[PDB]
Amino acid sequence: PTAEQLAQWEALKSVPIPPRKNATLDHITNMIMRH
RNA sequence: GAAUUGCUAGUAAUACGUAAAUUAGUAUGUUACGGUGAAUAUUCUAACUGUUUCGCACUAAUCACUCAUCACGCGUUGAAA
């Protein structure tokens with residue numbers, strides 16, 4: 001592995017994975033949705 | 001309001017369309033095709049099935065089998081004025 005990409009991986013070691021969606025808002029919109 | 005349909009799923013739903021079969025002609029039916037795309041949680045009840053316990057005089061097997069009744073005769077034995 002290159003050092004720049006090792007540094008990138010080190011930086012992302014600590015970061016939590018961002019959420020795909022807001023589960024509560026997803027639930028509410030799916031409750032609004034029809035058809 | 002009785003009533004009823006379907007129930008994790010690319011399913012339901014969709015004032016989403018598209019195609020084909022059957023036709024000379026007619027689809028709101030059928031079968032295909034993709035687009036968008038959810039919700040909910042199952043205390044309960046259960047025919048029926050499979051193991052089982054026990055009983056059994058049934059064995060063509062309970063619509064079973066034995067027992068008893070009623071009549072018809074043919075016998076046998078007993079008591080007898």
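Chain identifiers are assigned alphabetically (A, B, ...) following the order of the sequence lines, protein sequences preceding nucleic acid strands; residue numbering begins at 1 within each chain. Side chains are part of it too, since the values below use all heavy atoms of this structure and drop only hydrogens, waters and symmetry mates.
Stacking of the bases of B:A15 and B:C16 is not indicated, since the six-membered rings fail the criterion of centres under 5.5 Å apart and planes under 30° apart. Stacking holds between B:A21 and B:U22 under the rule that six-membered ring centres lie under 5.5 Å apart and planes differ by under 30°.
When the P atom is compared between B:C54 and B:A71, the two are found 48 Å apart, to the nearest whole Å. Comparing the same atom, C1', in B:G17 and in B:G37 gives a spacing of 15 Å after rounding to whole Å. Rounded to whole Å, the separation between the P atoms of B:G6 and B:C16 comes to 25 Å. Comparing B:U31 with B:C7, their P atoms sit 16 Å apart, to the nearest whole Å. A distance of about 29 Å separates the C1' atoms of B:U53 and B:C44, rounded to the whole Å. B:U49 and B:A20 are spaced 46 Å apart, taking the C1' atom of each and rounding to whole Å. Rounded to a whole angstrom, the distance from the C1' atom of B:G55 to that of B:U45 is 32 Å. Comparing the same atom, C1', in B:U5 and in B:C33 gives a spacing of 25 Å after rounding to whole Å.
Distance CG (A:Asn30) to P (B:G37): 10 Å, rounded to an integer number of Å. As rounded to whole Å, 12 Å separates atom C1' of B:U40 from atom CZ of A:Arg34. Rounded to whole angstrom, the span from the CG atom of A:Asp26 across to the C1' atom of B:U40 amounts to 15 Å. In this structure, A:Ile32 atom CD1 and B:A13 atom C1' are separated by 17 Å, rounded to whole Å. Rounded to whole Å, the distance from NE2 on A:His35 to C1' on B:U36 is 12 Å. Rounded to whole Å, atom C1' of B:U40 lies 14 Å from atom CE of A:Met33.
Judged by the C1'-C2'-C3'-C4' torsion, which is positive here, the sugar of B:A64 sits on the north, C3'-endo side. Here B:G10 has a south sugar; its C1'-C2'-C3'-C4' angle has a minus sign. Judged by the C1'-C2'-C3'-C4' torsion, which is positive here, the sugar of B:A39 sits on the north, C3'-endo side. Nucleotide B:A38 carries a north sugar; the sign of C1'-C2'-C3'-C4' is positive. Pucker annotation for B:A47 reads north, on the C3'-endo side, since its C1'-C2'-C3'-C4' dihedral is above zero.
Under a 3.5 Å limit on both donor-acceptor distances, the bases of B:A64 and B:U36 fail the Watson-Crick or G-U wobble criterion. No Watson-Crick or G-U wobble pair joins B:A19 and B:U43 with the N1-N3 or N1-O2 distance and the second distance both under 3.5 Å. Applying the 3.5 Å cutoff to both bonds, B:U62 and B:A38 do not register as a Watson-Crick or G-U wobble pair. Here B:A24 does not sit opposite B:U31 as a base pair, Watson-Crick or G-U wobble, with both distances under 3.5 Å.
In the model, A:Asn22 has no side-chain atom that pairs as donor or acceptor with a side-chain atom of A:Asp26 under 3.5 Å.
Nucleotide B:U18 carries an anti base; the chi torsion (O4'-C1'-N9-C4 or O4'-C1'-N1-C2) is more than 90° from 0. Classification of B:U69 as anti follows from a glycosidic angle more than 90° from 0.
Atom-to-atom distance recorded for A:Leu25:CG and A:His27:NE2 is 11.5 Å, nearest 0.5 angstrom.
The side chain of A:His27 places an N or O atom within less than 4.0 Å of a non-bridging phosphate oxygen (OP1 or OP2) of B:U40.
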